[PDB]
């Protein structure tokens, strides 16, 4: 699936994201809620900014999920089964929303990393892509 080159960059990024999951997660979601307002209806939040208390806790869950996913690039199907069913069967999240959150996660990274070359962006987009494809595989 991934080349040892991508597993490399993906590793560094994960190490970074792991230092402050809430901080990053909160920003990602805040960016999502501003550029894709329709996505606000899935959450019962007062404040939808990065300062929102609930936005931060959840953000941390999302980032940790992404970080954990990075440690299982070799077998994401099984790893994300539960998460896939949660988004697909339980929450009924419109697939359209996945690419938007991924793009927001990417912009957040570009905003915080000293280096974010197309090559690095490629590997991250590859991971994000795989993650989202599994998360939209259990509707039917």
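Residue numbers count along the first chain shown, from 1.
In this entry, the higher average B-factor at the C-alpha atoms falls on 46-54, of the pair 46-54 and 99-107. Look at the C-alpha B-factors of 60-68 and of 23-31. On average they run higher in 60-68. Remark: residue 87 belongs to the lowest third of its chain, ranked by C-alpha B-factor as recorded. For residue 12, the recorded CA B-factor ranks within the highest third of the chain. Only modelled residues enter the ranking. Split the chain's modelled residues into thirds by C-alpha temperature factor. Residue 93 is in the lowest one.
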